[PDB]
file input.cif (mmCIF, C-alpha atoms; chains and numbers go by the auth columns)
data_final
loop_
_atom_site.group_PDB
_atom_site.id
_atom_site.type_symbol
_atom_site.label_atom_id
_atom_site.label_comp_id
_atom_site.label_asym_id
_atom_site.label_seq_id
_atom_site.Cartn_x
_atom_site.Cartn_y
_atom_site.Cartn_z
_atom_site.B_iso_or_equiv
_atom_site.auth_seq_id
_atom_site.auth_asym_id
ATOM 1 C CA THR A 1 -104.409 -4.163 187.574 0.00 1 A
ATOM 2 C CA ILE A 2 -106.147 -0.800 186.883 0.00 2 A
ATOM 3 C CA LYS A 3 -104.027 2.360 186.365 0.00 3 A
ATOM 4 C CA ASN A 4 -106.174 5.486 186.978 0.00 4 A
ATOM 5 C CA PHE A 5 -105.044 8.900 185.609 0.00 5 A
ATOM 6 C CA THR A 6 -107.672 11.719 185.366 0.00 6 A
ATOM 7 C CA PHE A 7 -108.451 11.401 189.136 0.00 7 A
ATOM 8 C CA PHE A 8 -107.636 13.171 192.450 0.00 8 A
ATOM 9 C CA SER A 9 -104.519 12.113 194.438 0.00 9 A
ATOM 10 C CA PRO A 10 -105.312 12.473 198.213 0.00 10 A
ATOM 11 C CA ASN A 11 -101.677 12.314 199.456 0.00 11 A
ATOM 12 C CA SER A 12 -100.472 13.919 196.124 0.00 12 A
ATOM 13 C CA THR A 13 -98.755 10.596 195.104 0.00 13 A
ATOM 14 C CA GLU A 14 -101.751 8.334 194.165 0.00 14 A
ATOM 15 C CA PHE A 15 -102.334 9.104 190.441 0.00 15 A
ATOM 16 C CA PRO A 16 -99.261 10.552 188.628 0.00 16 A
ATOM 17 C CA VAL A 17 -99.857 11.055 184.886 0.00 17 A
ATOM 18 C CA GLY A 18 -96.917 10.479 182.510 0.00 18 A
ATOM 19 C CA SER A 19 -96.094 11.737 178.995 0.00 19 A
ATOM 20 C CA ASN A 20 -96.999 8.344 177.418 0.00 20 A
ATOM 21 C CA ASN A 21 -100.286 8.173 179.440 0.00 21 A
ATOM 22 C CA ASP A 22 -101.335 11.648 178.212 0.00 22 A
ATOM 23 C CA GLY A 23 -99.909 10.756 174.770 0.00 23 A
ATOM 24 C CA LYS A 24 -102.240 7.719 174.463 0.00 24 A
ATOM 25 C CA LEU A 25 -105.134 9.857 175.864 0.00 25 A
ATOM 26 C CA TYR A 26 -104.657 12.630 173.222 0.00 26 A
ATOM 27 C CA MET A 27 -104.531 10.030 170.372 0.00 27 A
ATOM 28 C CA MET A 28 -107.920 8.499 171.359 0.00 28 A
ATOM 29 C CA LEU A 29 -109.608 11.957 171.586 0.00 29 A
ATOM 30 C CA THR A 30 -108.664 13.036 168.016 0.00 30 A
ATOM 31 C CA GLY A 31 -108.764 9.467 166.631 0.00 31 A
ATOM 32 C CA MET A 32 -105.199 8.984 165.326 0.00 32 A
ATOM 33 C CA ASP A 33 -102.643 6.142 164.959 0.00 33 A
ATOM 34 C CA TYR A 34 -98.786 6.168 164.896 0.00 34 A
ATOM 35 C CA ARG A 35 -98.927 6.587 161.055 0.00 35 A
ATOM 36 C CA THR A 36 -100.737 9.997 160.982 0.00 36 A
ATOM 37 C CA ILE A 37 -100.130 13.508 162.470 0.00 37 A
ATOM 38 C CA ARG A 38 -101.972 16.651 163.631 0.00 38 A
ATOM 39 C CA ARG A 39 -100.179 19.603 161.982 0.00 39 A
ATOM 40 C CA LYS A 40 -100.996 23.347 161.863 0.00 40 A
ATOM 41 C CA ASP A 41 -98.982 26.188 160.287 0.00 41 A
ATOM 42 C CA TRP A 42 -99.766 29.246 162.480 0.00 42 A
ATOM 43 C CA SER A 43 -97.351 31.256 160.284 0.00 43 A
ATOM 44 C CA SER A 44 -96.519 30.120 156.702 0.00 44 A
ATOM 45 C CA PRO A 45 -93.095 28.351 156.457 0.00 45 A
ATOM 46 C CA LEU A 46 -90.343 30.225 154.567 0.00 46 A
ATOM 47 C CA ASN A 47 -88.388 28.635 151.679 0.00 47 A
ATOM 48 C CA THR A 48 -84.831 30.004 151.184 0.00 48 A
ATOM 49 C CA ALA A 49 -82.707 28.166 148.514 0.00 49 A
ATOM 50 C CA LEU A 50 -82.641 24.323 149.058 0.00 50 A
ATOM 51 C CA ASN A 51 -83.878 24.750 152.693 0.00 51 A
ATOM 52 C CA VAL A 52 -87.328 24.998 154.377 0.00 52 A
ATOM 53 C CA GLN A 53 -87.758 26.960 157.652 0.00 53 A
ATOM 54 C CA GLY B 1 -61.691 69.777 147.194 0.00 1 B
ATOM 55 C CA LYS B 2 -61.887 73.196 148.924 0.00 2 B
ATOM 56 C CA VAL B 3 -63.569 76.242 147.259 0.00 3 B
ATOM 57 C CA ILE B 4 -61.119 79.105 146.462 0.00 4 B
ATOM 58 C CA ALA B 5 -62.063 82.571 145.091 0.00 5 B
ATOM 59 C CA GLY B 6 -60.753 83.016 141.535 0.00 6 B
ATOM 60 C CA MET B 7 -59.558 79.374 141.362 0.00 7 B
ATOM 61 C CA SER B 8 -62.933 77.513 141.601 0.00 8 B
ATOM 62 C CA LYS B 9 -65.967 77.692 139.241 0.00 9 B
ATOM 63 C CA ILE B 10 -68.303 80.089 141.136 0.00 10 B
ATOM 64 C CA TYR B 11 -70.052 83.353 140.220 0.00 11 B
ATOM 65 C CA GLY B 12 -68.721 85.487 143.099 0.00 12 B
ATOM 66 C CA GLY B 13 -67.728 89.015 144.112 0.00 13 B
ATOM 67 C CA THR B 14 -69.543 91.865 142.276 0.00 14 B
ATOM 68 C CA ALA B 15 -73.117 91.039 141.077 0.00 15 B
ATOM 69 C CA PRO B 16 -74.241 89.086 138.997 0.00 16 B
ATOM 70 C CA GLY B 17 -71.060 87.076 139.685 0.00 17 B
ATOM 71 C CA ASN B 18 -67.755 86.521 137.827 0.00 18 B
ATOM 72 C CA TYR B 19 -65.295 83.699 137.003 0.00 19 B
ATOM 73 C CA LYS B 20 -62.104 84.585 135.072 0.00 20 B
ATOM 74 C CA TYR B 21 -60.197 82.515 132.481 0.00 21 B
ATOM 75 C CA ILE B 22 -56.527 82.802 133.503 0.00 22 B
ATOM 76 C CA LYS B 23 -53.475 80.767 132.310 0.00 23 B
ATOM 77 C CA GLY B 24 -52.822 77.843 134.670 0.00 24 B
ATOM 78 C CA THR B 25 -54.869 79.141 137.641 0.00 25 B
ATOM 79 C CA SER B 26 -58.143 79.774 135.595 0.00 26 B
ATOM 80 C CA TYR B 27 -61.153 77.669 136.813 0.00 27 B
ATOM 81 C CA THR B 28 -60.912 74.226 138.450 0.00 28 B
ATOM 82 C CA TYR B 29 -64.100 72.435 139.634 0.00 29 B
ATOM 83 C CA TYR B 30 -64.220 72.175 143.486 0.00 30 B
ATOM 84 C CA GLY B 31 -65.625 68.631 143.617 0.00 31 B
ATOM 85 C CA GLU B 32 -68.891 66.830 142.872 0.00 32 B
ATOM 86 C CA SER B 33 -72.397 67.128 144.371 0.00 33 B
ATOM 87 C CA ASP B 34 -72.764 64.039 146.601 0.00 34 B
ATOM 88 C CA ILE B 35 -69.095 62.847 146.480 0.00 35 B
ATOM 89 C CA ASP B 36 -70.105 60.265 149.194 0.00 36 B
ATOM 90 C CA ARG B 37 -71.429 57.948 146.409 0.00 37 B
ATOM 91 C CA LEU B 38 -67.870 57.237 145.092 0.00 38 B
ATOM 92 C CA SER B 39 -66.074 54.319 146.793 0.00 39 B
ATOM 93 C CA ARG B 40 -63.206 52.171 145.443 0.00 40 B
ATOM 94 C CA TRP B 41 -62.183 48.693 146.651 0.00 41 B
ATOM 95 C CA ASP B 42 -58.729 48.978 145.026 0.00 42 B
ATOM 96 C CA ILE B 43 -56.891 45.798 143.964 0.00 43 B
ATOM 97 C CA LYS B 44 -53.212 46.599 143.268 0.00 44 B
ATOM 98 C CA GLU B 45 -51.576 43.122 143.054 0.00 45 B
ATOM 99 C CA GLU B 46 -52.999 39.728 141.855 0.00 46 B
ATOM 100 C CA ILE B 47 -54.754 37.914 144.750 0.00 47 B
ATOM 101 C CA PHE B 48 -55.470 34.130 144.797 0.00 48 B
ATOM 102 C CA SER B 49 -58.204 33.631 147.518 0.00 49 B
ATOM 103 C CA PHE B 50 -60.336 35.655 150.042 0.00 50 B
ATOM 104 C CA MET B 51 -62.719 35.508 153.070 0.00 51 B
ATOM 105 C CA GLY B 52 -65.487 38.100 152.646 0.00 52 B
ATOM 106 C CA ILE B 53 -68.360 38.851 155.091 0.00 53 B
ATOM 107 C CA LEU B 54 -71.150 40.398 152.959 0.00 54 B
ATOM 108 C CA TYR B 55 -74.243 42.092 154.499 0.00 55 B
ATOM 109 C CA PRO B 56 -77.145 42.194 151.942 0.00 56 B
ATOM 110 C CA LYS B 57 -79.610 45.055 151.358 0.00 57 B
ATOM 111 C CA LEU B 58 -82.722 43.910 149.418 0.00 58 B
ATOM 112 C CA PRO B 59 -84.186 40.393 149.262 0.00 59 B
ATOM 113 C CA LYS B 60 -84.781 38.593 145.910 0.00 60 B
ATOM 114 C CA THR B 61 -82.397 41.011 144.205 0.00 61 B
ATOM 115 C CA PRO B 62 -79.018 39.399 143.351 0.00 62 B
ATOM 116 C CA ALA B 63 -76.586 40.175 146.206 0.00 63 B
ATOM 117 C CA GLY B 64 -72.806 39.689 146.218 0.00 64 B
ATOM 118 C CA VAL B 65 -69.561 41.026 144.676 0.00 65 B
ATOM 119 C CA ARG B 66 -68.324 41.728 141.112 0.00 66 B
ATOM 120 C CA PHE B 67 -64.743 42.300 139.934 0.00 67 B
ATOM 121 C CA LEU B 68 -63.626 44.716 137.184 0.00 68 B
ATOM 122 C CA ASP B 69 -60.290 44.950 135.340 0.00 69 B
ATOM 123 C CA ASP B 70 -58.130 48.038 134.557 0.00 70 B
ATOM 124 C CA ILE B 71 -60.432 49.009 131.611 0.00 71 B
ATOM 125 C CA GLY B 72 -63.707 48.611 133.570 0.00 72 B
ATOM 126 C CA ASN B 73 -64.707 45.135 132.278 0.00 73 B
ATOM 127 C CA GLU B 74 -66.118 42.379 134.505 0.00 74 B
ATOM 128 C CA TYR B 75 -64.092 39.108 134.500 0.00 75 B
ATOM 129 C CA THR B 76 -65.773 37.290 137.469 0.00 76 B
ATOM 130 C CA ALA B 77 -68.660 37.770 139.983 0.00 77 B
ATOM 131 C CA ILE B 78 -69.873 35.916 143.105 0.00 78 B
ATOM 132 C CA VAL B 79 -73.572 36.833 143.353 0.00 79 B
ATOM 133 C CA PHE B 80 -76.598 35.161 145.091 0.00 80 B
ATOM 134 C CA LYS B 81 -80.404 35.478 144.675 0.00 81 B
ATOM 135 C CA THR B 82 -81.975 34.563 148.069 0.00 82 B
ATOM 136 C CA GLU B 83 -85.698 34.615 148.992 0.00 83 B
ATOM 137 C CA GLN B 84 -85.220 36.472 152.299 0.00 84 B
ATOM 138 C CA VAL B 85 -82.632 39.039 153.522 0.00 85 B
ATOM 139 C CA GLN B 86 -79.709 37.155 155.068 0.00 86 B
ATOM 140 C CA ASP B 87 -78.052 38.825 158.105 0.00 87 B
ATOM 141 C CA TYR B 88 -74.762 38.119 156.249 0.00 88 B
ATOM 142 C CA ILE B 89 -73.295 35.906 153.489 0.00 89 B
ATOM 143 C CA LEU B 90 -69.998 34.339 154.626 0.00 90 B
ATOM 144 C CA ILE B 91 -67.914 33.455 151.573 0.00 91 B
ATOM 145 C CA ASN B 92 -64.540 31.736 151.394 0.00 92 B
ATOM 146 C CA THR B 93 -62.824 31.397 147.996 0.00 93 B
ATOM 147 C CA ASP B 94 -60.128 29.036 149.351 0.00 94 B
ATOM 148 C CA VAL B 95 -59.900 25.976 147.028 0.00 95 B
ATOM 149 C CA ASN B 96 -59.395 23.413 149.864 0.00 96 B
ATOM 150 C CA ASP B 97 -62.462 24.403 151.891 0.00 97 B
ATOM 151 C CA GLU B 98 -64.678 26.500 149.593 0.00 98 B
ATOM 152 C CA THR B 99 -67.597 28.023 151.581 0.00 99 B
ATOM 153 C CA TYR B 100 -70.608 29.976 150.276 0.00 100 B
ATOM 154 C CA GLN B 101 -72.978 30.163 153.229 0.00 101 B
ATOM 155 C CA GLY B 102 -75.712 32.598 154.255 0.00 102 B
ATOM 156 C CA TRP B 103 -76.590 33.377 157.858 0.00 103 B
ATOM 157 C CA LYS B 104 -79.943 34.461 159.325 0.00 104 B
ATOM 158 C CA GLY B 105 -80.007 34.600 163.134 0.00 105 B
ATOM 159 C CA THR B 106 -78.342 31.415 164.458 0.00 106 B
ATOM 160 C CA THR B 107 -79.201 29.399 161.285 0.00 107 B
ATOM 161 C CA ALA B 108 -76.559 28.642 158.585 0.00 108 B
ATOM 162 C CA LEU B 109 -77.762 28.081 154.997 0.00 109 B
ATOM 163 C CA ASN B 110 -75.650 26.768 152.057 0.00 110 B
ATOM 164 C CA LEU B 111 -75.978 29.370 149.254 0.00 111 B
ATOM 165 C CA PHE B 112 -74.051 27.490 146.503 0.00 112 B
ATOM 166 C CA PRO B 113 -77.125 26.363 144.384 0.00 113 B
ATOM 167 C CA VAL B 114 -78.696 29.879 144.526 0.00 114 B
ATOM 168 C CA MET B 115 -75.441 31.477 143.143 0.00 115 B
ATOM 169 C CA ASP B 116 -75.064 32.741 139.533 0.00 116 B
ATOM 170 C CA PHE B 117 -72.729 30.188 137.883 0.00 117 B
ATOM 171 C CA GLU B 118 -72.308 32.162 134.600 0.00 118 B
ATOM 172 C CA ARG B 119 -70.836 35.319 136.232 0.00 119 B
ATOM 173 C CA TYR B 120 -68.363 33.366 138.442 0.00 120 B
ATOM 174 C CA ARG B 121 -65.779 32.681 135.674 0.00 121 B
ATOM 175 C CA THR B 122 -62.552 32.761 137.807 0.00 122 B
ATOM 176 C CA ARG B 123 -61.196 32.680 141.402 0.00 123 B
ATOM 177 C CA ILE B 124 -57.960 34.563 140.502 0.00 124 B
ATOM 178 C CA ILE B 125 -58.584 38.290 141.038 0.00 125 B
ATOM 179 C CA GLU B 126 -56.668 40.680 138.720 0.00 126 B
ATOM 180 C CA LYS B 127 -55.498 44.333 139.050 0.00 127 B
ATOM 181 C CA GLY B 128 -58.489 46.708 139.115 0.00 128 B
ATOM 182 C CA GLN B 129 -61.471 47.332 141.416 0.00 129 B
ATOM 183 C CA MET B 130 -64.331 45.459 143.170 0.00 130 B
ATOM 184 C CA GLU B 131 -68.019 46.492 143.261 0.00 131 B
ATOM 185 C CA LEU B 132 -70.732 45.664 145.841 0.00 132 B
ATOM 186 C CA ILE B 133 -73.984 44.287 144.354 0.00 133 B
ATOM 187 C CA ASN B 134 -77.031 44.898 146.646 0.00 134 B
ATOM 188 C CA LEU B 135 -74.748 45.162 149.732 0.00 135 B
ATOM 189 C CA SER B 136 -75.028 47.639 152.614 0.00 136 B
ATOM 190 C CA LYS B 137 -71.712 46.661 154.295 0.00 137 B
ATOM 191 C CA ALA B 138 -68.764 44.311 153.448 0.00 138 B
ATOM 192 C CA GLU B 139 -65.667 43.068 155.352 0.00 139 B
ATOM 193 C CA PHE B 140 -62.804 41.506 153.323 0.00 140 B
ATOM 194 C CA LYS B 141 -59.634 39.553 154.169 0.00 141 B
ATOM 195 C CA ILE B 142 -57.262 39.098 151.214 0.00 142 B
ATOM 196 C CA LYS B 143 -54.560 36.389 150.903 0.00 143 B
ATOM 197 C CA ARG B 144 -51.843 36.947 148.251 0.00 144 B
ATOM 198 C CA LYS B 145 -48.878 34.598 147.430 0.00 145 B
ATOM 199 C CA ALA B 146 -45.074 35.214 147.642 0.00 146 B
ATOM 200 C CA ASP B 147 -42.657 32.504 146.361 0.00 147 B
ATOM 201 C CA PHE B 148 -39.622 33.354 148.567 0.00 148 B
ATOM 202 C CA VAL B 149 -39.671 35.337 151.835 0.00 149 B
#
call {"tool": "encode", "arguments": {"input": "input.cif", "output": "structure tokens"}}
result
Amino acid sequence: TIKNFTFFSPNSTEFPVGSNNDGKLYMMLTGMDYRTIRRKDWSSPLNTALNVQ
Amino acid sequence: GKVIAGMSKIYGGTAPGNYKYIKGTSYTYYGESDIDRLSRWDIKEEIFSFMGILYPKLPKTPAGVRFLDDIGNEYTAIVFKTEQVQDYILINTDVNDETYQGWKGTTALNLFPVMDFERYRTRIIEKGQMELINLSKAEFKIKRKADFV
């Protein structure tokens, strides 16, 4: 069985794309496994006492 | 205090002014320039615990409260050196559920490890006054014991 995702749905029900389907898709594009991340600090995190925001 | 002619230290009337030394009435200073600086958090009886809501002024500068005795000597002080300006520092001195937490927005931070441990010698507050270290505003609730009522 073939599950198509990045394709047109004629009756708007044919190819619904889920969070796991897009999740797997995004992993393959960047080349990552379940042991690594993609992290970016847009604004430097603040450290107040024994806490990190 | 109000300014009164002849009673207060002023050079008034006929030029170039005049203030007379009398017996009893003489010259009494009206007040002090910028009397708004003087504020006293008077402690009249020995208190055992309190719930203060402290609003800090400057970040990275120790912020909190200090307590002085009848002779102007510090006996204890709850003070904290935080990295950023907390919206308020909620402190409870109650023994059973001691709380020293800082608040910024909707986030609650435990401020106990950032506190100055040397200055905080006692919980029992004695007769004297309280000072505000790096605080813009403060709200206090004092609980004092009575054996029989």
call {"tool": "closest_residue", "arguments": {"input": "input.cif", "among": "A:18, A:5, A:53, A:26", "to": "residue 38 of chain A", "atoms": "all atoms listed in the file"}}
result
A:26
call {"tool": "resolve_selection", "arguments": {"input": "input.cif", "expression": "the PyMOL selection byres ((chain B) within 7 of (chain A))", "output": "list in words"}}
result
residues 82, 83, 84, 111 and 114 of chain B
call {"tool": "resolve_selection", "arguments": {"input": "input.cif", "expression": "the PyMOL selection byres ((chain B and resi 91-102) around 12)", "output": "PyMOL selection string"}}
result
(chain A and resi 48-51) or (chain B and resi 47-56+63-65+77-90+103-116+120+122-125+138-144)
call {"tool": "atom_distance", "arguments": {"input": "input.cif", "atom1": "atom CA of residue 134 of chain B", "atom2": "atom CA of residue 52 of chain A"}}
result
23.7 Å
call {"tool": "atom_distance", "arguments": {"input": "input.cif", "atom1": "atom CA of residue 118 of chain B", "atom2": "atom CA of residue 58 of chain B"}}
result
21.6 Å
call {"tool": "atom_distance", "arguments": {"input": "input.cif", "atom1": "atom CA of residue 40 of chain A", "atom2": "atom CA of residue 24 of chain A"}}
result
20.1 Å
call {"tool": "residues_around", "arguments": {"input": "input.cif", "residues": "residue 17 of chain A", "least_positions_apart": "6", "cutoff": "10 Å", "atoms": "all atoms listed in the file", "output": "list in words"}}
result
residues 3, 4, 5, 6 and 7 of chain A
call {"tool": "decode", "arguments": {"input": "input.cif", "residues": "segment 93-105 of chain B", "atoms": "N, CA, C and O atoms", "output": "mmCIF file, in the first residue's frame"}}
result
data_model
loop_
_atom_site.group_PDB
_atom_site.id
_atom_site.type_symbol
_atom_site.label_atom_id
_atom_site.label_comp_id
_atom_site.auth_asym_id
_atom_site.auth_seq_id
_atom_site.Cartn_x
_atom_site.Cartn_y
_atom_site.Cartn_z
ATOM 1 N N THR B 93 8.591 34.695 56.344
ATOM 2 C CA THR B 93 9.523 34.288 57.393
ATOM 3 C C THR B 93 8.979 33.202 58.294
ATOM 4 O O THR B 93 9.699 32.754 59.182
ATOM 5 N N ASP B 94 7.718 32.779 58.089
ATOM 6 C CA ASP B 94 7.103 31.720 58.885
ATOM 7 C C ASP B 94 8.001 30.487 58.833
ATOM 8 O O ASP B 94 8.430 30.083 57.752
ATOM 9 N N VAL B 95 8.274 29.905 60.011
ATOM 10 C CA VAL B 95 9.144 28.734 60.202
ATOM 11 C C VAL B 95 8.630 27.476 59.482
ATOM 12 O O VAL B 95 9.405 26.785 58.818
ATOM 13 N N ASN B 96 7.315 27.206 59.607
ATOM 14 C CA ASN B 96 6.630 26.048 59.045
ATOM 15 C C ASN B 96 6.623 25.993 57.534
ATOM 16 O O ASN B 96 6.917 24.928 56.987
ATOM 17 N N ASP B 97 6.372 27.125 56.859
ATOM 18 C CA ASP B 97 6.461 27.153 55.406
ATOM 19 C C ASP B 97 7.276 28.380 54.927
ATOM 20 O O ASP B 97 6.752 29.335 54.348
ATOM 21 N N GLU B 98 8.576 28.361 55.203
ATOM 22 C CA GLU B 98 9.446 29.462 54.810
ATOM 23 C C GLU B 98 9.464 29.620 53.287
ATOM 24 O O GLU B 98 9.645 28.632 52.581
ATOM 25 N N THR B 99 9.210 30.838 52.779
ATOM 26 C CA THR B 99 9.199 31.092 51.335
ATOM 27 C C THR B 99 10.021 32.320 50.985
ATOM 28 O O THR B 99 9.811 33.389 51.552
ATOM 29 N N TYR B 100 10.943 32.172 50.033
ATOM 30 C CA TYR B 100 11.767 33.270 49.536
ATOM 31 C C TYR B 100 11.752 33.173 48.027
ATOM 32 O O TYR B 100 12.709 32.687 47.423
ATOM 33 N N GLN B 101 10.643 33.594 47.418
ATOM 34 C CA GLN B 101 10.496 33.500 45.972
ATOM 35 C C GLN B 101 10.313 34.821 45.232
ATOM 36 O O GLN B 101 9.594 35.708 45.694
ATOM 37 N N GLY B 102 10.972 34.914 44.086
ATOM 38 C CA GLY B 102 10.912 36.061 43.193
ATOM 39 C C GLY B 102 9.957 35.814 42.050
ATOM 40 O O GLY B 102 9.857 34.690 41.547
ATOM 41 N N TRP B 103 9.242 36.859 41.642
ATOM 42 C CA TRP B 103 8.268 36.767 40.571
ATOM 43 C C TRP B 103 8.570 37.734 39.451
ATOM 44 O O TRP B 103 8.834 38.908 39.703
ATOM 45 N N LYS B 104 8.538 37.230 38.213
ATOM 46 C CA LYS B 104 8.718 38.004 36.989
ATOM 47 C C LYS B 104 7.645 37.497 36.030
ATOM 48 O O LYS B 104 7.680 36.333 35.619
ATOM 49 N N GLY B 105 6.656 38.349 35.766
ATOM 50 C CA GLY B 105 5.511 38.014 34.928
ATOM 51 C C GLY B 105 4.622 37.000 35.617
ATOM 52 O O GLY B 105 4.098 37.269 36.699
#
